[PDB]
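To start, the structure under review is shown below, and the notes come after it.
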RNA sequence: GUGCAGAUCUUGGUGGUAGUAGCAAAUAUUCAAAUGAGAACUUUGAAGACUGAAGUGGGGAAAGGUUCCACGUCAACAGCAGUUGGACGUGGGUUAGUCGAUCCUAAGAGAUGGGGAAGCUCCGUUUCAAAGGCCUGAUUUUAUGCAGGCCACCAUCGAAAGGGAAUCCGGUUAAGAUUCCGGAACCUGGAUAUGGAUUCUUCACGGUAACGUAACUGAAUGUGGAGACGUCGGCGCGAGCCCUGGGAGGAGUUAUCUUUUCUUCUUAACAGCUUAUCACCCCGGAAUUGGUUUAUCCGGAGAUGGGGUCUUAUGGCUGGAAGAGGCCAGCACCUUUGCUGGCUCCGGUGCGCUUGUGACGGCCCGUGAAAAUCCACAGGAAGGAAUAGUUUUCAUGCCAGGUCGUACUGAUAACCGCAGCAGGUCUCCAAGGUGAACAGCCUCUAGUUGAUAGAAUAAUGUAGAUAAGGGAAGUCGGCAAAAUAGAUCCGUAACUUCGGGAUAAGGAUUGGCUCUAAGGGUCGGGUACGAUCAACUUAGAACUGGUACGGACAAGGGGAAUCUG
RNA sequence: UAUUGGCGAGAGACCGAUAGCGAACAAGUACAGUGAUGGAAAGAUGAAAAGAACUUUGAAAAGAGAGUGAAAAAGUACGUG
């Protein structure tokens with residue numbers, strides 16, 4: 002027999018590749034007469050040609066490994082191959098931090114915790130430095146508000 | 002991870018050959034060809050885009 | 002490809018002398034938290050566009066199919 | 002790199018079909034045929050091309066009109082019809 | 002080519018019909034000396050040159 | 001045209017060599033069944049592998065021309081074979097208002113009037129030319145003569161990647177599809193009828209304004225916009241993909257374990273409502289300077305602020321539209337093959353990848369096309385209702401949209417290389433892990449498993465390696481190989497054009513496991529904190545092992561000088 | 001008076017298929033080259049297909065017979081060879 006065109010037709014009828022259709026090796030006389038696509042669509046229905054389900058590619062050894070990165074493993078010096086700027090650019094670190102310090106300063110200003118004159122000083126020091134994080138800005142605001150009240 | 006083709010016989014990435022990938026009701030990806038974007042009309046004196054005017058390609 | 006929202010504007014559409022046909026499509030849906038209800042779609046086919054009227058109250062649906070003209074080739078579902 | 006690697010870049014026809022002789026001698030950019038020519042009503046032929054006239058001259062084709070001129074002359078360019086005879 | 006002019010598609014249309022052997026009744030004719038089609042073309046043996 | 005052994009004679013045929021050189025790149029095949037006279041090679045199944053998504057995948061441009069597909073078939077071709085084939089014989093197949101050509105111009109090509117040249121022809125492309133037709137009047141013989149007014153541009157060809165009217169989804173074939181079929185749209189040209197609108201203030205009203213809208217007359221001529229535009233960098237946003245949670249189905253694993261592993265959960269064009277950076281308007285009038293970007297620019301030429309208007313890229317909802325597509329289950333049956341049910345749900349995240357886009361910024365002695373075409377404005381020529389008109393840039397209605405191409409390959413077998421040649425040949429899409437990575441290495445989808453085979457394992461090769469002790473003694477010459485190599489931390493010389501040299505040189509660390517600490521988002525405070533959610537980055541500590549840890553992969557040898565550019 | 005073209009005739013101490021025109025033949029053909037151009041090879045069964053009915057071996061080409069023919073020492077690989 003020659004079931005090459007029944008291999009090709011069934012891959013188009015089912016909707017998979019030719020590597021995922023299974024022709025019955027005991028019904029080769031019935032498949033060899035299926036010259037049409039309406040005849041192939043019959044042979045899928047009575048089980049002569051099946052769909053041959055997908056080869057599994059499990060991500061479980063990824064998800065088990067990715068949990069340990071979340072727990073903190075595999076990040077030692079012998080596990081890094083890129084530079085520190087390659088893994089995480091210092092501009093992105095600065096962008097994260099400076100968008101934090103502008104957001105708390107804008108939040109403090111319209112909430113009424115700080116006024117507009119204390120803001121505009123803190124806007125330009127945060128654009129400079131000495132506010133390493135959100136904690137270092139807040140202890141500065143706490144001190145400067147208390148000192149201006151002590152100065153009052 | 003469903004790779005896609007052009008739909009016309011221009012196989013090059015020209016200005017007239019833009020592609021947005023859209024999901025069809027057949028559950029597959031298919032590319033659709035997007036026309037080039039309309040500019041706003043500009044003012045005859047200052048050159049700024051003048052408001053209240055719809056931005057269409059010129060024959061529309 | 003156009004929704005009609007006024008039910009009396011939908012009724013003047015059916016006598017526009019190009020609308021030979023229509024259809025009544027029934028969809029089983031839920032009323033936004035719980036129990037199911039019956040929504041019906043009254044689609045008339047004009048000569049250049051299809052007009053749709055969605056009716057959520059299945060009682061008001063019954064008073065509308067009698068309000069259709071007797072000449073319209075109404076295709077239920 | 003001038004032989005078989007360089008031969009793979011040959012996919013742009015210098016010459017296309019001529020409308021006067023069907024030759025594929027019509028140079029596209031020059032817009033002229035190298036065998037007969039589309040410009041200049043004078044068919045390209047030279048006396049140094051003795052074989053080249055032999056392929057293209059009269060008699061080599063159909064001669065849809067010149068087939069009958071020598072026979073039309075022999076009867077002295079008649080007009081009319083032969084009327085009738087016996088048998 | 003795959004997007005052609007009609008003057009090119011006309012010349013393949015003719016050369017398609019000339020892609021056949023002799024009619025076999027030809028060889029039975031009186032004083033026929035034609036034994037086979039001596040102008041047969043094939044696409045991978047001789048290009049048409051348009 | 002008369003005698004051949006010679007001319008590296010000419011043409012044709014034929015040996016020895018010789019069943020010899022060889023048919024060895026691209027990891028790789030094996031078992032069984034079928035078929036057949038015959039199977040290492042054809043088909044099916046099973047297994048093992050490979051390409052590893054910058055593919056051996058899915059499409060195209062040039063080119064080819066029917067190789068596409070079916071049936072029959074094996075003399076020649078597939079440098080073994082052959083029942084197979086891009087072969088042989090016979091047929092079948094390419095369906096468009098919307099995809100292209102067609103239209104436009106680019107660099108350029110090239111007539112006409114002219115001027116050269118004995119002439120073939122050359123120059124020239126608006127020239128020293130009497131260069132061509134546009135909107136309506138006047139006809140109520142009647143066909144279009146003639147009357148106002150304007151326009152003066154002065155051929156044509158040249159892009160299947162530039163410009164450009166308009167189509168999407170689902171299904172179908174042996175081979176066609178944005179082309180056929182079902183549904184649903186849009187454009188152009190054309191007639192046209194009704195409704196809505198306008199009108200007694202004739203050619204609309206509202207808003208302080210930006211401007212709004214279902215419309216809301218406007219010829220000649222003029223002005224303007226769109227078409228119409230560089231490159232790089234970072235940021236914001238969207239789309240698709242990736243990753244992930246619950247749930248509703250199915251499949252796999254189950255000695256033991258695993259609320260587990262894999263998979264379906266989709267929504268087009270078009271249309272209505274809504275939606276934004278930028279920009280603009282009104283109120284107000286700012287130093288105690290304020291706003292604000294990742295990037296320092298903006299404000300009395302009017303900031304911050306309060307209130308608004310617009311562009312609709314883009315997104316959300318609804319229609320299209322669940323009836324489609326997907327995943328399942330239950331019944332049926334030599335059948336065309338059915339019939340009937342469900343479910344198709346709600347989220348999350350981001351220096352992710354690709355891409356589009358916006359506001360910007362850098363750069364230039366580089367500032368990064370044109371035209372067709374379309375619209376607007378100015379102007380107010382002209383036609384215009386009240387006993388009744390005006391409008392067809394609003395809604396619906398009616399008709400038509402020609403011609404040509406459309407199959408397939410696009411290459412380790414369809415192209416060019418004398419060929420089924422390890423060469424050459426323009427481009428789109430682009431999964432998971434490791435990792436900085438579109439590197440290498442492994443896998444998923446899809447696709448191949450093609451390249452003459454069998455048996456032995458001499459010499460000498462070719463490709464890949466390893467070597468005790470010495471370490472260039474080899475050699476023209478350290479040629480070839482080895483050594484080094486990623487990241488983190490330390491430490492870096494002469495010299496210098498002060499920018500570099502510089503990864504200088506030279507050292508140390510690196511796994512696994514268990515912890516610690518720091519770095520965030522959103523919510524309620526009348527005019528000090530807490531709840532909660534979600535990230536991978538960096539630093540440190542203990543323990544542990546045949547001192548191993550960039551454990552494969554990947555990956556600098558360095559220095560002191562001379563000649564020279 | 002000229003006449004290697006055209007058309008129609010008649011000839012020859014010419015050549016006889018590697019000769020004679022390149023071409024006695026589907027010859028300016030097949031084929032090559034981007035193109036200008038280049039450019040072949042190739043005539044003969046027999047008087048007549050009378051081109052081998054039928055049998056046998058073989059998967060089949062074909063073999064062995066049988067036959068036709070004056071002759072298969074003429075079998076579409078065909079005069080002689």
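Chains as they are written, first to last, in PDB author numbering: chain AT, 2 to 153; chain Ai, 2 to 61; chain Am, 2 to 78; chain Al, 2 to 88; chain An, 2 to 51. For every residue, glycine included, the Cβ atom is placed at its ideal position computed from N, Cα and C.
- Closer than 7 Å to the CB of residue 24(Al) there is not a single CB belonging to chain An.
- Near chain Al, meaning a CB-to-CB distance below 7 Å, the residues of the stretch 6-25 of chain An are 8.
- Here the stretch 43-52 of chain Am makes no contact with the stretch 16-34 of chain Al; the two share fewer than three CB pairs at distances below 8 Å.
- In the structure shown, residue 77(Am) falls within a strand segment according to DSSP collapsed to helix, strand and coil.
- In the DSSP assignment, residue 52(Al) falls within the alpha helix (DSSP H) that extends over 51-57.
- Note: residue 46(Am) is bridge-paired with 51(Am) in the DSSP secondary-structure output.
- The alpha helix (DSSP H) runs lying completely inside the stretch 44-123 of chain AT and spanning 4 residues or more are 61-72, 85-88, 91-112, given in chain order.
- Within the model, the alpha-carbon separation for residue 60(AT) versus residue 100(AT) is close to 36 Å.
- A distance below 6 Å between beta-carbons, with the five flanking residues on each side excluded, links residue 28(AT) to the following residues of its chain, in chain order: 49.
- Excluding its 5 nearest sequence neighbours in each direction, residue 54(AT) has C-beta neighbours in its own chain below 8 Å: 21, listed in chain order.
- Between residue 44(AT) and residue 35(AT), the C-beta spacing is below 7 Å.
- At a cut-off of 7 Å between C-beta atoms, residue 51(An) counts as an interface residue with respect to chain Al.
- Per the coordinates, the alpha-carbon of residue 75(Al) lies some 10 Å from the alpha-carbon of residue 69(Al).
- Per DSSP, the beta bridge partners of residue 25(Am) are 43(Am), 77(Am).
- Of the candidates 11(Am), 70(Am), 41(Am), 73(Am), 41(Am) places its Cα closest to the Cα of residue 63(Am).
- Here residue 3(Am) is bridged, per DSSP, to 52(Am).
- Look at residue 32(Ai) here: in three-state DSSP terms it is strand.
- In this structure residue 15(Am) is buried. Its beta-carbon is surrounded by 16 or more other beta-carbon atoms within 10 angstroms.
- At a Cβ-Cβ threshold of 7 Å, residue 57(Ai) and residue 39(Ai) count as neighbours.
- Rounded to the nearest whole angstrom, the C-alpha separation of residue 18(Al) and residue 6(An) is 12 Å.
- Per DSSP, the continuous alpha helix (DSSP H) segment holding residue 8(AT) begins and ends at 5-15.
- Around the Cβ of residue 43(Am), a 10 Å sphere holds 16 or more other Cβ atoms; the residue is buried.
- When 9 Å is used as the limit between beta carbons, residue 18(Al) is near these residues of chain An: 8, 9, 12, 51, in chain order.
- Within the same chain, and ignoring the five residues on either side of residue 88(AT) in sequence, the residues whose Cβ sits closer than 8 Å to its Cβ are 81.
- Taking a C-beta distance under 7 Å as the contact criterion, residue 14(AT) and residue 41(AT) qualify as a contact pair.
- Residue 55(Al) and residue 43(Al) have their C-alpha atoms some 17 Å from each other.
- DSSP places residue 142(AT) inside the alpha helix (DSSP H), whose first and last residues are 135-151.
- Annotation: residue 6(Am) to residue 24(Ai) spans about 29 Å, alpha carbon to alpha carbon.
- Here the alpha carbons of residue 97(AT) and residue 130(AT) stand approximately 14 Å from one another.
- With respect to the 7 Å criterion, residue 7(AT) and residue 32(AT) are classified as neighbours on the basis of their beta carbons.
- In this structure, DSSP gives residue 29(AT) a helical state, which the three-state scheme calls helix.
- Taking the CA atoms as reference points, residue 18(Ai) sits about 24 Å from residue 27(Ai).
- Looking at the backbone, the Cα of residue 31(Al) and that of residue 3(An) are separated by about 26 Å.
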